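Chemist: Before we start, here is the structure in question, set down as structure tokens.
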Amino acid sequence: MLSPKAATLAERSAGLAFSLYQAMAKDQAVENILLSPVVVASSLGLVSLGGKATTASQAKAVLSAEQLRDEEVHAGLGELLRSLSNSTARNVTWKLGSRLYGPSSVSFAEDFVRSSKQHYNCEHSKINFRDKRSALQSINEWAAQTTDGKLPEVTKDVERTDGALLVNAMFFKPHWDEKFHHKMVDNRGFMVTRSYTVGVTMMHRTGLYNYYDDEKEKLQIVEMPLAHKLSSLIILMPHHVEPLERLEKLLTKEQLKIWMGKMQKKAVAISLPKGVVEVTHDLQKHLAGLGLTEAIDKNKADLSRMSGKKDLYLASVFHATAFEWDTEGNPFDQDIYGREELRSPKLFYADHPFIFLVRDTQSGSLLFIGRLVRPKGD
Amino acid sequence: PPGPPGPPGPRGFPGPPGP
Amino acid sequence: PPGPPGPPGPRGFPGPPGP
Amino acid sequence: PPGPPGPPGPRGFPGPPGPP
């Protein structure tokens, strides 16, 4: 169970992940979204750890952590990160690597490597960006190894090559509290728009799930408990096939609390696309739009705790995730339902774009947020 | 014994507007 | 074994009139 | 014990266009 310090940092991380999601959703080069709040927050913690003056103060400001001592930020986020990789009680597959790539000519300060390793498990390697073919190979191979092949290549190009690249590579596979049957899979169309359909594999289960149909805002919301019920995957989907902009305007922490309070445990037939969704985001511009203006600026950044010198700036914040929808989960008894309870289920038929998030059941704090707009398929 | 048949599928999406 | 699939859903509602 | 209920049938055909 998280300390009160870590719980406060989880809340800061959740508030930031929400603001970032909304910023990225307004960008029409952004299709699928996959974001881990503690990992986004750790990018800001690293900037605070490696920066001075306004470079670092902006990082804490974007995290709404102005009234936390610097050491409290790094400690609380570190406990969070270590908790997500604990695997003691969770039974949920989570692989995370964090690596700071610096130019070959820039020596990381011994104090910063120890601290970033201690708090953020951050790895460090100088790479020479003159040799681009090899630079991409270092990054992509490191990410593939971090995720055991689930994320085989994070990026095809590095645009700004004169600064630091922060790369986070992740694999996340929610493990259901009540598993889907491995044979309840078939092939159906996913409607990206009303004129473009992609053939997908869908997985299906009928069970008792917390559920709410908002007829007035034409959306459904369903709660899927993960293994041992210490977090839940929440799915939000409009009635019609439509851009998610309208739903995203409604989505807030407050509105979610209203929705969840209206939920009732009912028989629901859930149909979801099955498979791996891979997304790489460069958060650089979006963090800057949220207030991290100087760290990302070749001419302003003060990251001299990272390197001793002051020409280093944050060129990229790569946030790369493989999120796998699969049937596996905990087994469940004969029948905790009866012949009666599962008849005439509501359908939650996710054959068109939806928003999803993972919430901590205890503190209601966000633990993952994304949307599926265009699945992979042949 | 096999489980009972699944539910009917969802209604198709509404048609497009006219000319 | 899982039960068999349910029947297909009904046809969607007609679209709005053309402006 | 009997197996779980089967998956839903496929989504129905799309509706017709509206009048002009």
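Note on naming: chains are A, B, ... as they come in the structure tokens, residues start from 1 per chain, ligands start from 1 in the order shown.
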Pair the Cα atoms of chain C and chain B in order, fit the first onto the second, and let me know the RMSD in Å.

Modeler: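 When all C-alpha atoms are superposed, the deviation is 1.0 Å.
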
Chemist: What lies within 7 Å of residue 4 in chain D using only C-alpha atoms, ignoring chain neighbours under 6 positions off, as a PyMOL selection string?

Modeler: (chain B and resi 3) or (chain C and resi 2-3)

Chemist: Please produce a file of those selected residues containing N, CA, C and O atoms, as a short mmCIF file (atom, residue, chain, number, x, y, z; two decimals), in the first residue's frame.

Modeler:
```cif
data_model
loop_
_atom_site.label_atom_id
_atom_site.label_comp_id
_atom_site.auth_asym_id
_atom_site.auth_seq_id
_atom_site.Cartn_x
_atom_site.Cartn_y
_atom_site.Cartn_z
N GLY B 3 -22.75 -23.86 -23.25
CA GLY B 3 -23.56 -22.79 -22.72
C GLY B 3 -24.70 -22.44 -23.65
O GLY B 3 -24.78 -22.92 -24.78
N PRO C 2 -18.03 -22.80 -24.81
CA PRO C 2 -18.86 -21.60 -24.92
C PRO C 2 -20.11 -21.91 -25.72
O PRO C 2 -20.10 -22.79 -26.59
N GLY C 3 -21.19 -21.17 -25.45
CA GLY C 3 -22.39 -21.32 -26.23
C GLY C 3 -22.17 -20.81 -27.64
O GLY C 3 -21.15 -20.16 -27.94
#
```

Chemist: Using only C-alpha atoms, determine which residues of chain A fall within 9 Å of chain D; present them as a list in words.

Modeler: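 Within 9 Å of chain D on chain A, we get residues 181, 184, 185, 188, 203, 204, 205, 206, 269, 270, 271, 334, 335, 342, 343, 347 and 349 of chain A.
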
Chemist: Pull C-alpha atoms from the residues just selected and write them as a compact mmCIF listing (two decimals), in the first residue's frame.

Modeler:
```txt
# COMPACT_ATOMS: atom_id res chain seq x y z
CA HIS A 181 -12.65 -17.89 -22.28
CA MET A 184 -14.46 -16.78 -27.25
CA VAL A 185 -12.64 -15.01 -30.09
CA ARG A 188 -15.31 -8.82 -37.01
CA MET A 203 -12.94 -11.33 -27.64
CA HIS A 204 -16.19 -11.70 -25.73
CA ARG A 205 -17.44 -12.34 -22.24
CA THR A 206 -20.79 -12.00 -20.48
CA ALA A 269 -21.83 -8.81 -22.80
CA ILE A 270 -18.48 -7.11 -23.41
CA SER A 271 -16.90 -7.40 -26.84
CA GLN A 334 -18.42 -23.04 -11.54
CA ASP A 335 -21.12 -20.41 -11.37
CA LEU A 342 -26.78 -13.46 -17.15
CA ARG A 343 -29.90 -13.45 -19.30
CA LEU A 347 -24.20 -5.18 -24.88
CA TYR A 349 -19.90 -3.83 -28.21
```

Chemist: Would you mind listing, as a list in words, all residues of chain B that have at least one atom within 8 Å of chain A, where only C-alpha atoms are what counts?

Modeler: residues 7, 10 and 13 of chain B

Chemist: Between CA of residue 98 in chain A and CA of residue 122 in chain A, what distance in Å does the model show, to one decimal?

Modeler: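 Atom-to-atom, CA of residue 98 in chain A and CA of residue 122 in chain A are spaced 5.0 Å apart.
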
Chemist: So that I can check the surroundings of residue 19 in chain C, please list as a PyMOL selection string every protein, DNA and RNA residue that reaches within 9 Å of it, counting only C-alpha atoms and ignoring chain neighbours fewer than 6 positions away.

Modeler: (chain B and resi 17-19) or (chain D and resi 20)

Chemist: Using the selection just defined, write its residues with C-alpha atoms as a CSV table (one decimal), in the first residue's frame.

Modeler:
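Writing done, so here's part.csv:
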```
chain,number,residue,atom,x,y,z
B,17,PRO,CA,-28.6,11.7,-44.3
B,18,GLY,CA,-30.4,12.0,-47.6
B,19,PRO,CA,-29.5,14.2,-50.6
D,20,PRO,CA,-34.2,14.1,-49.9
```

Chemist: Tell me which protein, DNA and RNA residues are within 8 Å of residue 358 in chain A, counting only C-alpha atoms, leaving out same-chain ones fewer than 5 positions away, and put them as number ranges by chain.

Modeler: A: 231-234, 366-369

Chemist: Just N, CA, C and O atoms for this one: save the residues we selected as a PDB file, in the first residue's frame.

Modeler:
```
ATOM      1  N   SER A 231      -7.410  -2.506  -8.960  1.00  0.00           N
ATOM      2  CA  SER A 231      -7.582  -1.489  -9.981  1.00  0.00           C
ATOM      3  C   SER A 231      -8.606  -2.000 -10.986  1.00  0.00           C
ATOM      4  O   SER A 231      -8.879  -3.203 -11.066  1.00  0.00           O
ATOM      5  N   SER A 232      -9.173  -1.066 -11.742  1.00  0.00           N
ATOM      6  CA  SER A 232     -10.206  -1.373 -12.717  1.00  0.00           C
ATOM      7  C   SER A 232      -9.898  -0.677 -14.036  1.00  0.00           C
ATOM      8  O   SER A 232      -9.348   0.433 -14.066  1.00  0.00           O
ATOM      9  N   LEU A 233     -10.264  -1.335 -15.124  1.00  0.00           N
ATOM     10  CA  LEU A 233     -10.191  -0.745 -16.447  1.00  0.00           C
ATOM     11  C   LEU A 233     -11.573  -0.203 -16.784  1.00  0.00           C
ATOM     12  O   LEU A 233     -12.546  -0.962 -16.818  1.00  0.00           O
ATOM     13  N   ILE A 234     -11.671   1.107 -16.978  1.00  0.00           N
ATOM     14  CA  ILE A 234     -12.933   1.779 -17.293  1.00  0.00           C
ATOM     15  C   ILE A 234     -12.957   2.064 -18.782  1.00  0.00           C
ATOM     16  O   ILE A 234     -11.992   2.616 -19.319  1.00  0.00           O
ATOM     17  N   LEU A 366      -5.821   7.932 -11.250  1.00  0.00           N
ATOM     18  CA  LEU A 366      -5.552   7.420 -12.584  1.00  0.00           C
ATOM     19  C   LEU A 366      -4.228   6.676 -12.612  1.00  0.00           C
ATOM     20  O   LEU A 366      -3.239   7.118 -12.027  1.00  0.00           O
ATOM     21  N   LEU A 367      -4.197   5.557 -13.332  1.00  0.00           N
ATOM     22  CA  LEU A 367      -3.000   4.744 -13.440  1.00  0.00           C
ATOM     23  C   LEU A 367      -2.639   4.440 -14.879  1.00  0.00           C
ATOM     24  O   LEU A 367      -1.536   3.958 -15.130  1.00  0.00           O
ATOM     25  N   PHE A 368      -3.491   4.810 -15.831  1.00  0.00           N
ATOM     26  CA  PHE A 368      -3.271   4.683 -17.261  1.00  0.00           C
ATOM     27  C   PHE A 368      -4.456   5.357 -17.943  1.00  0.00           C
ATOM     28  O   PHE A 368      -5.560   5.304 -17.429  1.00  0.00           O
ATOM     29  N   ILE A 369      -4.216   6.004 -19.081  1.00  0.00           N
ATOM     30  CA  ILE A 369      -5.307   6.623 -19.839  1.00  0.00           C
ATOM     31  C   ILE A 369      -4.957   6.544 -21.321  1.00  0.00           C
ATOM     32  O   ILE A 369      -3.793   6.698 -21.713  1.00  0.00           O
TER      33      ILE A 369
END
```

Chemist: When DSSP works through the backbone of this structure, what residues of range 81-320 of chain A end up as alpha helix (DSSP H), shown as a short mmCIF file (atom, residue, chain, number, x, y, z; two decimals) with N, CA and C atoms, in the first residue's frame?

Modeler:
```cif
data_model
loop_
_atom_site.label_atom_id
_atom_site.label_comp_id
_atom_site.auth_asym_id
_atom_site.auth_seq_id
_atom_site.Cartn_x
_atom_site.Cartn_y
_atom_site.Cartn_z
N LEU A 81 6.87 4.11 -8.93
CA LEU A 81 7.48 3.29 -9.97
C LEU A 81 7.83 1.91 -9.44
N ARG A 82 8.49 1.85 -8.28
CA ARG A 82 8.85 0.57 -7.70
C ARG A 82 7.60 -0.25 -7.40
N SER A 83 6.49 0.42 -7.09
CA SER A 83 5.25 -0.29 -6.79
C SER A 83 4.68 -0.93 -8.05
N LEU A 84 4.79 -0.24 -9.20
CA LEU A 84 4.19 -0.77 -10.41
C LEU A 84 4.97 -1.96 -10.95
N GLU A 110 28.19 12.44 -12.04
CA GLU A 110 28.12 11.24 -11.17
C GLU A 110 26.96 11.37 -10.17
N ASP A 111 26.74 12.57 -9.62
CA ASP A 111 25.65 12.70 -8.65
C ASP A 111 24.28 12.50 -9.31
N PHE A 112 24.10 12.99 -10.54
CA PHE A 112 22.82 12.86 -11.24
C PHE A 112 22.53 11.41 -11.65
N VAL A 113 23.54 10.66 -12.11
CA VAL A 113 23.30 9.27 -12.47
C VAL A 113 22.86 8.47 -11.24
N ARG A 114 23.52 8.68 -10.10
CA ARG A 114 23.12 7.94 -8.90
C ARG A 114 21.69 8.28 -8.50
N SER A 115 21.34 9.56 -8.52
CA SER A 115 20.00 9.97 -8.11
C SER A 115 18.95 9.50 -9.10
N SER A 116 19.20 9.67 -10.40
CA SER A 116 18.20 9.24 -11.37
C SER A 116 18.06 7.72 -11.39
N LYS A 117 19.16 6.99 -11.16
CA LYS A 117 19.06 5.55 -10.99
C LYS A 117 18.30 5.20 -9.71
N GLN A 118 18.62 5.88 -8.61
CA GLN A 118 17.99 5.59 -7.33
C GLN A 118 16.48 5.80 -7.39
N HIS A 119 16.06 6.95 -7.92
CA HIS A 119 14.65 7.32 -7.86
C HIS A 119 13.86 6.84 -9.07
N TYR A 120 14.41 6.95 -10.28
CA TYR A 120 13.64 6.72 -11.49
C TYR A 120 14.10 5.50 -12.27
N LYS A 132 23.50 8.59 -37.40
CA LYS A 132 22.07 8.39 -37.17
C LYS A 132 21.62 6.92 -37.26
N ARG A 133 22.15 6.13 -38.22
CA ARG A 133 21.65 4.75 -38.50
C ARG A 133 21.83 3.93 -37.24
N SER A 134 22.99 4.12 -36.63
CA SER A 134 23.37 3.47 -35.38
C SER A 134 22.63 4.05 -34.17
N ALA A 135 22.35 5.36 -34.16
CA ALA A 135 21.59 5.95 -33.05
C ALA A 135 20.19 5.35 -32.95
N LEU A 136 19.48 5.26 -34.08
CA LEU A 136 18.16 4.63 -34.08
C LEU A 136 18.25 3.17 -33.64
N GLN A 137 19.32 2.48 -34.06
CA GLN A 137 19.52 1.08 -33.66
C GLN A 137 19.68 0.94 -32.16
N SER A 138 20.45 1.84 -31.53
CA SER A 138 20.60 1.76 -30.08
C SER A 138 19.25 1.93 -29.39
N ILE A 139 18.52 2.97 -29.78
CA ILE A 139 17.23 3.23 -29.14
C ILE A 139 16.25 2.08 -29.40
N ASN A 140 16.11 1.67 -30.66
CA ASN A 140 15.10 0.66 -30.99
C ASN A 140 15.43 -0.70 -30.37
N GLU A 141 16.71 -1.09 -30.37
CA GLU A 141 17.06 -2.38 -29.78
C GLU A 141 16.87 -2.35 -28.27
N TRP A 142 17.19 -1.23 -27.64
CA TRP A 142 16.99 -1.13 -26.20
C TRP A 142 15.51 -1.24 -25.85
N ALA A 143 14.64 -0.60 -26.64
CA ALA A 143 13.20 -0.67 -26.37
C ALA A 143 12.65 -2.07 -26.61
N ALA A 144 13.10 -2.74 -27.68
CA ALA A 144 12.66 -4.10 -27.95
C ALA A 144 13.06 -5.04 -26.83
N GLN A 145 14.29 -4.90 -26.33
CA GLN A 145 14.76 -5.76 -25.25
C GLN A 145 14.01 -5.46 -23.95
N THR A 146 13.74 -4.17 -23.70
CA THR A 146 12.97 -3.77 -22.52
C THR A 146 11.60 -4.43 -22.49
N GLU A 245 -13.97 13.65 -29.90
CA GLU A 245 -13.91 15.01 -29.38
C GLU A 245 -15.07 15.32 -28.44
N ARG A 246 -16.30 14.99 -28.85
CA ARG A 246 -17.47 15.33 -28.03
C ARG A 246 -17.38 14.67 -26.65
N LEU A 247 -17.07 13.37 -26.61
CA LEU A 247 -16.93 12.68 -25.33
C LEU A 247 -15.78 13.23 -24.51
N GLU A 248 -14.68 13.59 -25.17
CA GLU A 248 -13.52 14.10 -24.46
C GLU A 248 -13.81 15.42 -23.77
N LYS A 249 -14.71 16.24 -24.33
CA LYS A 249 -15.12 17.44 -23.63
C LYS A 249 -15.85 17.12 -22.33
N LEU A 250 -16.56 15.99 -22.28
CA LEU A 250 -17.31 15.63 -21.08
C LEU A 250 -16.42 15.04 -20.00
N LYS A 253 -12.30 14.34 -14.04
CA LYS A 253 -12.28 13.54 -12.82
C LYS A 253 -13.61 13.66 -12.08
N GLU A 254 -14.18 14.86 -12.04
CA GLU A 254 -15.49 15.09 -11.42
C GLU A 254 -16.60 14.33 -12.17
N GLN A 255 -16.67 14.49 -13.50
CA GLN A 255 -17.72 13.82 -14.28
C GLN A 255 -17.59 12.30 -14.18
N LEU A 256 -16.36 11.79 -14.16
CA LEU A 256 -16.17 10.35 -13.96
C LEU A 256 -16.78 9.90 -12.64
N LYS A 257 -16.56 10.67 -11.57
CA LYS A 257 -17.12 10.31 -10.28
C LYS A 257 -18.63 10.26 -10.33
N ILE A 258 -19.24 11.20 -11.07
CA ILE A 258 -20.69 11.17 -11.25
C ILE A 258 -21.09 9.90 -11.98
N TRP A 259 -20.40 9.60 -13.08
CA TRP A 259 -20.74 8.42 -13.89
C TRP A 259 -20.65 7.15 -13.06
N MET A 260 -19.54 6.97 -12.34
CA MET A 260 -19.35 5.77 -11.54
C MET A 260 -20.40 5.66 -10.44
N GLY A 261 -20.84 6.79 -9.89
CA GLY A 261 -21.90 6.74 -8.90
C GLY A 261 -23.23 6.31 -9.48
N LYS A 262 -23.43 6.51 -10.78
CA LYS A 262 -24.65 6.08 -11.45
C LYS A 262 -24.58 4.63 -11.93
N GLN A 284 7.39 16.06 -26.15
CA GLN A 284 8.13 17.30 -26.04
C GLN A 284 7.21 18.50 -26.23
N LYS A 285 6.55 18.57 -27.38
CA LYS A 285 5.82 19.79 -27.67
C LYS A 285 4.66 19.95 -26.68
N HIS A 286 3.99 18.83 -26.33
CA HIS A 286 2.80 18.89 -25.49
C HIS A 286 3.15 19.30 -24.06
N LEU A 287 4.26 18.79 -23.53
CA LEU A 287 4.74 19.26 -22.23
C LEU A 287 5.07 20.75 -22.29
N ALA A 288 5.70 21.19 -23.39
CA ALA A 288 5.99 22.61 -23.54
C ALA A 288 4.70 23.42 -23.56
N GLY A 289 3.68 22.92 -24.27
CA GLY A 289 2.41 23.61 -24.29
C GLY A 289 1.76 23.68 -22.93
N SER A 304 22.26 21.83 -16.23
CA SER A 304 23.66 21.66 -15.87
C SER A 304 23.88 20.74 -14.67
N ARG A 305 22.82 20.32 -13.98
CA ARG A 305 23.04 19.27 -12.99
C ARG A 305 23.18 17.92 -13.68
N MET A 306 22.61 17.80 -14.88
CA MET A 306 22.74 16.58 -15.66
C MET A 306 24.17 16.40 -16.16
N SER A 307 24.80 17.49 -16.61
CA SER A 307 26.02 17.42 -17.39
C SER A 307 27.12 18.39 -16.97
#
```

Chemist: Which residue is closest to residue 16 in chain B? Choose from A:18, A:123, A:244, A:195 and count only C-alpha atoms.

Modeler: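 Closest residue, counting only C-alpha atoms: A:195.
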
Chemist: Would you please work out which residue, of A:14, A:191, A:290, A:295, is nearest to residue 48 in chain A when using only C-alpha atoms?

Modeler: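 So, comparing all the options, the nearest one is A:295.
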